[PDB]
Structures are given as C-alpha cells and as structure tokens.
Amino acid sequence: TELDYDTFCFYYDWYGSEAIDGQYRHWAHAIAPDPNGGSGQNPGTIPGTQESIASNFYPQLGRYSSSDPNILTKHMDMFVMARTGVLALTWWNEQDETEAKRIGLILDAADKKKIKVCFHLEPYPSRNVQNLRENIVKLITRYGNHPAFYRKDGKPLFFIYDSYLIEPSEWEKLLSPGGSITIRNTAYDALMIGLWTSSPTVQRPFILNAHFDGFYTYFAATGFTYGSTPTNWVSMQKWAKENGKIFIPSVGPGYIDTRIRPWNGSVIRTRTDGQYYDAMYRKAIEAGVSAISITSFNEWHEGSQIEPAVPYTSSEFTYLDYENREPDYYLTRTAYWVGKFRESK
C-alpha cells in the first residue's frame, strides 16, 4: 500500500472540456507536418469530438478537463493504485492566473492521498537560463510550502525536458557552484535532472559541463534514442555512480503517436498485452538505479499512458485499447513493478 517516493510519473494537465474550459483543449490538436515532407504541407487538425480525438487510444474518463475536481480525485486514486508517489507535472510557463489555479488544484488533490508533485520544465517559448532561474524561484516561492511539494533530502527536484536546447556554457551560469547566476547554495537550490538523449561521447561531457545533478531518458519507445535503449542502462548507471549523478531511467508501456504524427510509424511500440511494459520496467530494476520515471500517466497523444483506456470505434477511427487486459491493468501492473523495485532498491 505504501506509495513509492522515488517513482516519478509524467503527468499532463493540458486537457480541456467544453463544459469547464469552453473547448476540448488537447483532445483537439494540430496534426504535425512531416519533417521530411514537402515545403507546403497542410496536415490539418483533429477536432476533439467524441468520434475523433488526438490519441490512438481512448480514455475511460472521456474527453476530460484537467481542472475538473472530480477528475483530479480519480487521477489521485489511480496514482494510489499504481503506488506512484510522485506526479511530475508538465509546466509550460503559461503565466495566466488560470495556470496557477490549476497547479493549486493538483497540489491540493495530491496531498489528500499523500502524493507529491514536482515540475517537468518544458521547452517553453524563449526558455533560457535567466528566465529558467526566474521561474524556478517563483515556483519554489509560490509552492515550496505546500505539503504536497516534492523534496528529496530537503531539495526540490526538476526534470528538464530537451535540456540539450541550451548549451552547457549557459547551464553552468545557473548550475555550477561558481556560476554567475547560480542557484547552488541558495534558497532556490534543487536537483536538476537533464535529458540524456544520445551516445556517451556527447552526453557524458554535456551532463558534467552543464552541472546537472542527474539525468533521465523520457522516451517510452525502446531504441528511439541511445538513452531509451534499456540494454544501455547498466553502463549508464555505472557512469552516474562514478560521477555522483542521479540516473532516473524512464519506462513506459508502449508508444504510438500516428494520430498526431501520421508519418511517425517507425516509432510505434506495441504493448503486446503488458509484455512490453514488463520487459522495460524489469530492465530499469536490474540496472540497480535508485529512482524510476514512468512515461507516462496521461500523454494520450503519444499512447504511452498507463491511465485506463476503453475499447471504442467511431466513423472517424478505430481506437486501440488494452487488448486482453482490463482498463486498469497498467495501473495495477505498475504497482506490481513498484513493489519489485522497492524490494531490491
């Protein structure tokens, strides 16, 4: 029954409904142009109707709003079922008071089930080390005293998505102890977990020169990057341990995003009734890591979700579903692997 506080599940708060938000945000979504496609593509959009949503799967909870109190209660109950102690919240620097309100709603709901919340800092517009520092300060100031705000050994933790978009010479200003705008040894110090993507020849000096406290791999699709190739995890962990870094590999139950990225079929990983998830989670446990991240709770666009899904067919699309498993199988199977992780941690 114990929640695991070193298990981080990537959570997305960007869904809307007509009733609450005035539109089906994110269930409606632009279709992405082919990066190798022509010059003047008109890929179109997915309208977020009942029949047609921007996922290859279909949520048991329907086209829900992330601000709906009833949905938040259910999501937190699902985290309890999964034994996942930390919700890693996507964060886009929206700046509007309604972002703040929603963050406040998630924190309050989480705390009722003793779930903790940390922030997943996304590549928001014009993100750089100066406004990153500004934002880290604001988040710690605004939410640091909330009982659900995550700390590891007294420290906040931030995952930094696509951290490679900012060079190490920039990162060092923020993350070196001698950095010109350093957070080290200040009230705003935190564990900063950057994204390990490619080969060790590039990633090792990146992580060292950028002064990240750790790294994660994010991608649910095996082999999409060097970092998301689980046979690499034992050597990645040995390097991390040698260099005083926290390795948080990311595990997922599958991947498919061809509703929003029709050209991206090569990245599909079928779930094969839970077999894919089992193989991946087992690999993370075997690498002897001290923490695990799960991609994802509810990234519906990318079909990596462990949130319950239902069989559904419409005139628009035949949705995938969990096959010979119940809608809540990925939640309970996550609990199973969390228990195994705890036993040998």
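Position 1 is the first residue in the sequence shown; the rest follow in order. So that the term is clear: the rigid core is the largest set of C-alpha atoms that superpose within 1.5 Å between two forms.
A.B. asks: Please pick 328 to 336 or 14 to 22, whichever has its Cα atoms farther from the shown form in 9 other deposited structures of this protein after a rigid core fit.
C.D. replies: The more displaced stretch in 9 other deposited structures of this protein turns out to be 14 to 22.
A.B. asks: Relative to the presented form, and with the rigid core used for superposition, do the C-alpha atoms of 191 to 199 or of 97 to 105 deviate more in 9 other deposited structures of this protein?
C.D. replies: Comparing 191 to 199 with 97 to 105, the larger C-alpha deviation in 9 other deposited structures of this protein belongs to 97 to 105.
A.B. asks: Give the stretch, out of 160 to 168 and 93 to 101, with the larger mean C-alpha temperature factor in the deposited entry.
C.D. replies: Higher mean C-alpha B-factor: 93 to 101.
A.B. asks: If you average the CA temperature factors as listed in the entry, which stretch comes out higher, 252 to 260 or 200 to 208?
C.D. replies: Mean C-alpha B-factor is greater for 200 to 208.
A.B. asks: Could you say which of 244, 85, 227, 194 has its CA atom at the highest B factor, as listed in the PDB entry?
C.D. replies: That would be 244, according to the entry.
A.B. asks: Considering only 121, 187, 78, 117, which residue's Cα atom bears the greatest B-factor as recorded?
C.D. replies: Max CA B-factor in the entry, restricted to 121, 187, 78, 117: 187.
A.B. asks: Could you look up the Cα B-factor of residue 304 in the entry and say which third of the chain it sits in: lowest, middle or highest?
C.D. replies: It falls in the bottom third of the chain.
A.B. asks: Can you tell me which third, lowest, middle or highest, the CA B-factor of residue 18 falls into for its chain?
C.D. replies: For residue 18, whose C-alpha B-factor we compare with every modelled residue in the chain, the answer is the highest third.
A.B. asks: Thinking about Cα B factors across the chain, which third does residue 298 belong to?
C.D. replies: Lowest third of the chain for residue 298's C-alpha B-factor.
A.B. asks: Check where residue 218 lands among this chain's C-alpha B-factors and tell me if it's the lowest, middle or highest third.
C.D. replies: Lowest third, going by the recorded CA B-factors of the chain.
A.B. asks: Lowest, middle or highest third of the chain for the C-alpha temperature factor of residue 54?
C.D. replies: Lowest third - that is where residue 54 ends up once the chain's C-alpha B-factors are sorted.
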